[PDB]
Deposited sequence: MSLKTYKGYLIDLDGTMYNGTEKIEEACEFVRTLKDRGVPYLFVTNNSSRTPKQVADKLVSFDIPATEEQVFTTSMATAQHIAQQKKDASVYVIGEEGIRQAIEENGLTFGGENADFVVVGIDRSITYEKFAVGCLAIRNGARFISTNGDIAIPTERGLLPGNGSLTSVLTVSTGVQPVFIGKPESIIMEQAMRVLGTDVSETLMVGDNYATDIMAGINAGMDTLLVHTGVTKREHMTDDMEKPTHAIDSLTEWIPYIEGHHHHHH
């Protein structure tokens, strides 16, 4: 049997969009959801880019995405914090994405005495930036990291990822951070708040097991793994396909005109 899903979370971080064929396939997949009135969000562990930046790029490939249909770990982070304390102050390490999310969720920026410390990727990192974060934590700040990814694949090779930079604070202070992004469930839970659907009716679509699928599994939601081209104690994705095109008939069969 195939369940009827009322909402889709679609991962942006994998190889699912590599090359002309894949991009066109993703376009037809998303247009099917839109055509059939099914709500979706694009999700990402990238804390640096703003939802406008991400949606603009999707739209440049004719993939239909408003700014409101992009949900980043920065947004999950700020929502999480606002739900802890509506008027929280936050010392932020990171780039434009996380700063905008903090701003837009009614939170304020602080320093050595902030309520929270947040670490998101910062290619302009400095010793003093680490230092202020450490001091804030030792002064009692709750410690949050947007995402634990250890490295970023580039043409140069594998560069330091946010998980590696986060570690400076973890080690120096002895305080373990709350990670927001994949494979943790928080990003999924915060996404569902925006999407407006239940765990039982939401599908997470991704192309990497360790991050995308595990995030869905940890949140208790069904998953769809796309093999772009598994130990027994390892929980399988609910569904698996080679191309997003394969899922189109299932959308159409469950969401009619």
(request) Could you name the stretches of the deposited sequence that have no C-alpha atoms in this structure? (result) 1, 231-236, 265-266
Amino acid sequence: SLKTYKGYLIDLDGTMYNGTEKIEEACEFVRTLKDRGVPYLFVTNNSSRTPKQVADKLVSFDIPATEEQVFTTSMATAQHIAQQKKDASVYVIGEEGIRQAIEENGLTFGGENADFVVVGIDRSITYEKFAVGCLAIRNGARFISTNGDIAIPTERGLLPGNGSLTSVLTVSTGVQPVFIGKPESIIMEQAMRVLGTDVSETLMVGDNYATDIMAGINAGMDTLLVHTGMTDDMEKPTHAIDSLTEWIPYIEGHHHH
From here on, numbers count along this sequence of modelled residues.
(request) Could you check the entry and say whether 62-70 or 40-48 has the higher mean CA B-factor? (result) 62-70
(message) Regarding 230-238 and 244-252, which shows the higher C-alpha temperature factor on average in the entry?
(response) 230-238
(request) Using the temperature factors in the entry, find which of 203, 27, 215, 191 has the highest value at its Cα atom. (result) 27
(request) Just say lowest, middle or highest third for the CA B-factor of residue 156 relative to the other modelled residues in its chain. (result) highest
(message) Sorting by Cα B-factor within the chain, modelled residues only, which third would residue 111 end up in: lowest, middle or highest?
(response) middle
(request) Could you look up the Cα B-factor of residue 223 in the entry and say which third of the chain it sits in: lowest, middle or highest? (result) lowest
(request) Quick one: classify residue 21 as lowest, middle or highest third of the chain based on its Cα B-factor. (result) highest
(message) How does the C-alpha B factor of residue 87 compare with the rest of the chain: lowest, middle or highest third?
(response) highest
